[PDB]
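Below is one structure, written out as structure tokens, with a few remarks after it.
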């Protein structure tokens, strides 16, 4: 059963009436047949009354099947047979122009389901099955429920309007024409351009691809009342439809001739409008576009002003029509068809919130719509601004009704049981195993009802909780791509960045806060969500922080571009790093930087070296840093929308290698700390050009090796060990206990913190692998190199 | 013969009954025929009873043949005639709806073979061969059992659901729909995206290619019971299958029209789920050809959510559809399609493992499953993680199943003998040569039984070997490609690496152990199996081990990449000009290093003399050393997973080339040893950054001569000698007795180590060739140039 006619449903339900009244415990086709004759004035019922079959005549046979009867009528739903009649009736209604069904269609449906209960009832009460369907047909057919025309009611238009066309105005007489969504102020802006006749053509420019056609339908409607030029009220809008013209004509040349006929009758000037879509194509000018050079006829028609026409041209194409001249845009003039601006996005969301009705999820909240929009805008950041939006609302917009309804209670197990029976049960009936099948049926059907009750008992768990969707709902979904777990990405950013930076507690927090700030929406949203300079020791946090940003903000390790900006001046790309300068700053702008970042407009852009670089490097960084764009690659816009620009170079490093130890001399520690987290961003300022850098979120200051920043390089090296072992399926981790003992091997007074990986290798990599090869631990489980006695110990976990 | 059911086999066996009972020593088709009529109520028998033939009627004719008879019935098996009939019928039963073989099919098969003994029996007992096949046939056919058809017991759906198309729900009523293997969290994740209707569509992105389609079937099942929300409950699932949609009209226009028709019927209020495969193609966004631009209809329908739909989109294509805007993506949403990672792999293998017993010996054992995955990961290669796996398991699990039946020693030789006889015999009878054939016949039958008895006496060799399939089995198979022969390469690696390393016992063992650890299944699979830095001298050191490693682990000397870092002291590309440089580190990434290792991801990556090269280049290399990947060139990820990265360096070289000799005492051996065992690891740190060195397993130390590293250089050139003649025919050796005498000529204080090729040339090569041209050696003999009396001697050892 589904969305059917009443008439249908009514014959069908009457079957259930017969279920108990005649006692046929499961309702077969016979009851549907009775249903048909029992609705009296239904087209089926009426048909049966012609055939002589009254409710009586049918029922006399039917009661002789089960004769009142199993009045309990156990399993008091249908059997498949009657249900088959419904599938069939539907097809017998499809047959006669009903999406739904009808009383008629079910009687027709009976015939369809031959050698079923209805069918045998009718073959016992005489009545042949096709005589019955006949009877229905001869009280059916010639279906009409429309308006059935009244023709044109103005028609100066005739020589033209024969061809070609429907006319937009026609479809708007009783408004069988969709508006559609706009881009509403654009329709007004079209009517200025429509009120002319050597600028006659509004020329709608925008992606096609946003439902441009809505604005076009706009004109017709607006041309009626109570606002629009009287001259255009005194006009008619006729569409020059390319499709009807090409069909049955099969030539471009012939198509053009028909298009000419339409233009000639347009001599009614001061009364007629032609809409020529792809107005540029017809002009056939510019590029290699010469799709059809209708231009010969079209250009003078527009120019003479004997034609008032409507233009739909493409962004570049319009240029490539007006360039030819000498009265080309004596028609076109552009007006902007909006691709929904960010606020418009919000509105779209809200509009299609409401349509979740069998989908009960978003279905609220305002804030959730906002999250959808806003969160997408800042993070991923790889789609269009309203698409981004709408998607996020629905994204969250099922998830919760589903996580609710993940099983029948936990009574998913019921169904499994009901199976075990069915088998057992089944196999028993074949063996006989009489009462051994018996009790198995009973266990089956026991289960069966029990299943079904609890499969909809978490429809209570829906009606209780399941409309919501909030900011947070959206944020988890936005995070799925990439306002709870989008703002947790922001707020606990520092925690994430510290774990993959060699201390630099200062650096981490500076970046953390700067990105989280921007990513909140109030800083830098077209210019990178972090512009940065990262100064200080490299290896000791710097590169590693760039990595940690890629990971946290964008959701991937390798969502980080990395170009060296000092090479982009050809005064370092003739030298080391980059040997060849094939044009190199030109290579970057014209190619590399712009190309890379346009692919991922949500990635860490890392432009290395910017102190010893020259002012041209800084100009490039500055445009990104102010605007969020560079225009290169012949007018391409590279979207640095919510990239993180990180420009490196260091010159404060030394203090950021003097530590805030513990016990060294407290007055050197607590004056080394504050000093390194200051000195880097001030050592920066003296070498380069300032104009780029001031357009930066925070100028990131790195630190040393503290007591404890040191032990984070030990843990970077140890984390790097543990990371390279996974691909085969050797999952190894060093506990804190082992990371502590391993850290012991990195301190001297005479040695920095970098030798640690190799000794981590000796006691972990080398040691674990030389301990595994024996056959002590399985391949394909977790291997912990731990300390559990003050010495390394390999312990195991899943 | 094949696979047969009883009914068939019974008619056949009744032939054997007749073998002795009629004396048909080998039983022709007539006995099979009699067999047919003699099982009475079998379908063959029944047929024959129609024709009037009883068991009797056949048997009377049959008895008129041999006539009970040769009741010894020598070779109480079938005849070649009957063997054709049995083989024919079996297959003639496959032909007539029966996987195995039925009684009917044997009579039918008899008819097929209608010139045999049966056939003449029947032509003597009147009845025609086709009248008999008629009778059997009419007790076959009119199938439709176990099946019927149904639409949907609603079918509100009709105008759409008629047309056009299969519905997942329909086909799942009896469940004739395969799971398929998941991609399990994806099936859950589908219901997340699909009880959405402004993210209508889950959009499965991944390798196609693993079976995306498994996930799709997920939805169907869960809308029934019960993971689904109440949203996706009260819905029907329809697949938009592209072929019916395009129809016989064979156009894009027709496809769009049918898809539109579904959208109108979508009036079920989002309670219909439509599956649009390749939704991106339909959206028509991306590429220079969209592949139809259905997006226009789909976008308001999806946005309203009235069309609630299921997406299968391709990884990049999907991006190029949600980019289209503005509620296009308010459908699709990406989801990770499982292409098994190593742990997942193990589970997939297992899932179809037991079924490898269709071609027996596998399944078993667990350790082998694990091996399958793990062993591939370190030894061979870039291949997918479950594919790798499953193959090894089956590979070894068969290898041995033949070695059972290849151990009958080579009692295939028995089979060989029996031939010579047959021949002899046959040709002898043809001469007649009666008894002169006799003994040859007899000689055959001796053989025949002997042959066959010992090929299946090693069905004991089946019960012995033919299931076990362990790690060891798997490794042997992994080696077949390239833990028996994957760890034997390792375990004896040091021995193998030393024979082409010029001494440097330190170096050999260091590399040996690190590789042997990793490559035996226990470490470094993501990064190179060994990353290393090698300091040493040359020709008494480093390069020669790089070569020897390539040779031992991967096969052949020249499975070795080779990049010069001295060019990465770059500026060789501005004006000196070096191979295709975008600018030199850009050459390494953009082409040379990444392309070469993508070409061989199963090789020694040799980054020569990292040394004074730019530390930024080392950062690029560092990603290989850590990650085992670079992503460059065109977006390729280069798997250094199954490489052994070897970076050479030297700035300690001199000492590493300076002996280990008794140059002034034996404490000159043991402190020169120690001197070299110091000089590598400190010149390493002095050459370049520690960060580099830190993602390196071991620092490989190369020493020089006790007497002895020198005499190994002599043996490297002398081994190039021992290798080089087999290509043209001949086995050459410089005998060790002579390799010592040749080594005597390489000493001066002021010049040695290098002259050795030449002195081997003069004293060996040259000496042997000027004695071979005379004709003192035959071709393909082993030529040892030896010392036997303190002087060179050419001796031979074949």
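Return the only residue of B:272, B:276 being touching a strand residue (DSSP E or B) at 6+ places or on another chain (Cβ under 7 Å) and within 11 Å of chain A (Cβ to nearest Cβ). Steps first, please.
Details: B:276 fails: within 11 Å of chain A (Cβ to nearest Cβ).
That would be B:272, the only listed residue that is touching a strand residue (DSSP E or B) at 6+ places or on another chain (Cβ under 7 Å) and within 11 Å of chain A (Cβ to nearest Cβ).
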Hits in segment B:153-167 (condition: more than 8 Å from chain A (Cβ to nearest Cβ) and closer than 12 Å to residue B:272 by Cα): B:160, B:161, B:167
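I need the helices (runs of 4 or more DSSP H) fully contained in segment A:48-108, keeping only those with at least 2 residues that are under 25 Å from residue A:448 (Cα atoms) and within 42 Å of the chain's Cα centre (by Cα).
A:80-89
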Residues (crowded, with 24+ Cβ neighbours inside 10 Å and not in a helix (DSSP H, G or I)) located in segment B:5-47: B:22, B:24, B:27, B:28, B:42
The one condition in (1) surrounded by fewer than 20 Cβ atoms within 10 Å (Cβ to Cβ); (2) within 13 Å of another protein chain (Cβ to nearest Cβ); (3) farther than 30 Å from residue A:417 by Cα that residue B:234 fails to fulfil: (3)
Selection count where residues are part of a helix (DSSP H, G or I) and either touching a strand residue (DSSP E or B) at 6+ places or on another chain (Cβ under 9 Å) or at the interface with chain B (Cβ under 8 Å from one of its Cβ atoms) (or both), scope segment A:464-473: 0
Test: residue in segment B:171-179 that is within 11 Å of chain A (Cβ to nearest Cβ) and either surrounded by 22 or more Cβ atoms within 10 Å (Cβ to Cβ) or in a loop (DSSP other than H, G, I, E, B) (or both): yes
Checking residue B:676 against (1) surrounded by fewer than 24 Cβ atoms within 10 Å (Cβ to Cβ); (2) out of contact with any strand residue (DSSP E or B) (no Cβ under 6 Å at 6 or more places or on another chain), the condition it does not meet: (1)
Test result for residue B:428, over 21 Å from residue B:209 (Cα atoms) and within 14 Å of chain A (Cβ to nearest Cβ): no
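Output yes when any residue across segment A:774-786 is away from every other protein chain (no Cβ under 13 Å), outside any helix (DSSP H, G or I) and out of contact with any helix residue (DSSP H, G or I) (no Cβ under 7 Å at 6 or more places or on another chain), and no when none is. Before the answer, list the steps.
Going residue by residue through segment A:774-786, those that are away from every other protein chain (no Cβ under 13 Å) are A:784, A:786.
Retained after the next criterion (residues that are outside any helix (DSSP H, G or I)): A:784, A:786.
Filter again for out of contact with any helix residue (DSSP H, G or I) (no Cβ under 7 Å at 6 or more places or on another chain), leaving A:784.
Yes, segment A:774-786 contains at least one residue that is away from every other protein chain (no Cβ under 13 Å), outside any helix (DSSP H, G or I) and out of contact with any helix residue (DSSP H, G or I) (no Cβ under 7 Å at 6 or more places or on another chain).
Here's a check for you: in segment B:343-359, which residue that is more than 16 Å from residue B:471 (Cβ to Cβ) and touching a helix residue (DSSP H, G or I) at 6+ places or on another chain (Cβ under 6 Å) is farthest from the other protein chains (Cβ to nearest Cβ)?
The first filter runs over segment B:343-359 and keeps only residues more than 16 Å from residue B:471 (Cβ to Cβ), leaving B:343-344, B:347-348, B:351-352, B:354-359.
With the extra rule that they be touching a helix residue (DSSP H, G or I) at 6+ places or on another chain (Cβ under 6 Å), the set shrinks to B:348, B:356.
Values: B:348: 13, B:356: 20 Å.
For segment B:343-359, the residue satisfying everything is B:356.
Results for (1) more than 8 Å from chain A (Cβ to nearest Cβ); (2) closer than 17 Å to residue B:501 by Cα, shown as yes or no for each residue.
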site: B:517; (1), (2): no, no
site: B:521; (1), (2): no, no
site: B:530; (1), (2): yes, no
site: B:535; (1), (2): yes, yes
site: B:538; (1), (2): yes, yes
site: B:556; (1), (2): yes, yes
site: B:560; (1), (2): yes, yes
site: B:566; (1), (2): yes, no
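Taking the residues in segment B:180-203 that are part of a helix (DSSP H, G or I) and at the interface with chain A (Cβ under 10 Å from one of its Cβ atoms) as candidates, determine which candidate is nearest to residue A:86 (Cα to Cα).
Just the residues of segment B:180-203 that are part of a helix (DSSP H, G or I), to begin with: B:184-192.
Cutting the leftovers down to at the interface with chain A (Cβ under 10 Å from one of its Cβ atoms) gives us B:188-189, B:191-192.
Working: B:188: 32, B:189: 34, B:191: 29, B:192: 32 Å.
The selected residue is B:191.
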Qualifying residue in segment B:322-337 (condition: more than 13 Å from chain A (Cβ to nearest Cβ) and out of contact with any strand residue (DSSP E or B) (no Cβ under 7 Å at 6 or more places or on another chain)): no
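Confirm whether residue B:727 is on the phi < 0 side of the Ramachandran plot, in a loop (DSSP other than H, G, I, E, B) and out of contact with any strand residue (DSSP E or B) (no Cβ under 8 Å at 6 or more places or on another chain).
Numbers: on the phi < 0 side of the Ramachandran plot: yes; in a loop (DSSP other than H, G, I, E, B): yes; out of contact with any strand residue (DSSP E or B) (no Cβ under 8 Å at 6 or more places or on another chain): yes.
So residue B:727 passes the test.
What about residue A:617, is it more than 14 Å from every other protein chain (Cβ to nearest Cβ) and either surrounded by fewer than 20 Cβ atoms within 10 Å (Cβ to Cβ) or in contact with a strand residue (DSSP E or B) (Cβ under 7 Å, 6 or more places away or on another chain) (or both)?
Values: more than 14 Å from every other protein chain (Cβ to nearest Cβ): yes; either surrounded by fewer than 20 Cβ atoms within 10 Å (Cβ to Cβ) or in contact with a strand residue (DSSP E or B) (Cβ under 7 Å, 6 or more places away or on another chain) (or both): no.
Criteria not met by residue A:617.
Are any of the residues in segment B:527-547 assigned to a helix (DSSP H, G or I) and farther than 18 Å from residue B:700 by Cα?
We begin by selecting, within segment B:527-547, every residue assigned to a helix (DSSP H, G or I); these are B:543-547.
From what's left, farther than 18 Å from residue B:700 by Cα: none.
Scanning segment B:527-547, I find no residue that is assigned to a helix (DSSP H, G or I) and farther than 18 Å from residue B:700 by Cα, so the answer is no.
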Selection within segment B:248-305 - in a loop (DSSP other than H, G, I, E, B), touching a helix residue (DSSP H, G or I) at 6+ places or on another chain (Cβ under 9 Å) and closer than 25 Å to residue A:2 by Cα: B:270, B:305
Tally of residues being away from chain B (no Cβ under 13 Å) and either in a helix (DSSP H, G or I) or surrounded by fewer than 19 Cβ atoms within 10 Å (Cβ to Cβ) (or both) across segment A:204-227: 13
Test: residue A:368 is crowded, with 23+ Cβ neighbours inside 10 Å and more than 11 Å from chain B (Cβ to nearest Cβ): yes
Residue selected from segment A:480-504 under the condition within 28 Å of the chain's Cα centre (by Cα) and within 13 Å of chain B (Cβ to nearest Cβ), by the criterion nearest to residue A:413 (Cα to Cα): A:480
Unique residue being away from chain B (no Cβ under 11 Å) and over 25 Å from residue A:142 (Cα atoms) when the list is A:13, A:47: A:13
Residue tally, condition surrounded by 22 or more Cβ atoms within 10 Å (Cβ to Cβ), facing chain B (nearest Cβ under 7 Å) and part of a helix (DSSP H, G or I), over segment A:375-408: 12
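Residues checked against (1) in contact with a helix residue (DSSP H, G or I) (Cβ under 8 Å, 6 or more places away or on another chain); (2) surrounded by fewer than 24 Cβ atoms within 10 Å (Cβ to Cβ):
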| residue | (1), (2) |
| --- | --- |
| A:685 | yes, yes |
| A:690 | no, yes |
| A:695 | yes, yes |
| A:699 | yes, yes |
| A:703 | yes, no |
| A:708 | no, yes |
| A:717 | yes, no |
| A:727 | yes, yes |
Total residues in segment B:323-350, condition within 17 Å of the chain's Cα centre (by Cα), under 19 Å from residue B:180 (Cβ atoms) and part of a helix (DSSP H, G or I): 5
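Which ones in segment B:730-743 are out of contact with any strand residue (DSSP E or B) (no Cβ under 6 Å at 6 or more places or on another chain), buried (at least 17 other Cβ atoms within 10 Å of the Cβ) and not in a loop (DSSP other than H, G, I, E, B)?
So the first thing to find is which residues in segment B:730-743 are out of contact with any strand residue (DSSP E or B) (no Cβ under 6 Å at 6 or more places or on another chain), and the list is B:730, B:736, B:739-740, B:742-743.
Filter once more, keeping what is buried (at least 17 other Cβ atoms within 10 Å of the Cβ): B:730, B:739, B:742-743.
The answer is B:739, B:742, B:743.
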Residue among A:508, A:478, A:501, A:540 that is buried (at least 24 other Cβ atoms within 10 Å of the Cβ) and under 23 Å from residue A:692 (Cα atoms): A:508
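We place every Cβ from the backbone using ideal geometry, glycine too, and count neighbours over all the protein chains shown. Taken together, the values in this text are just the output of simple stated rules run on the coordinates, not laboratory data.
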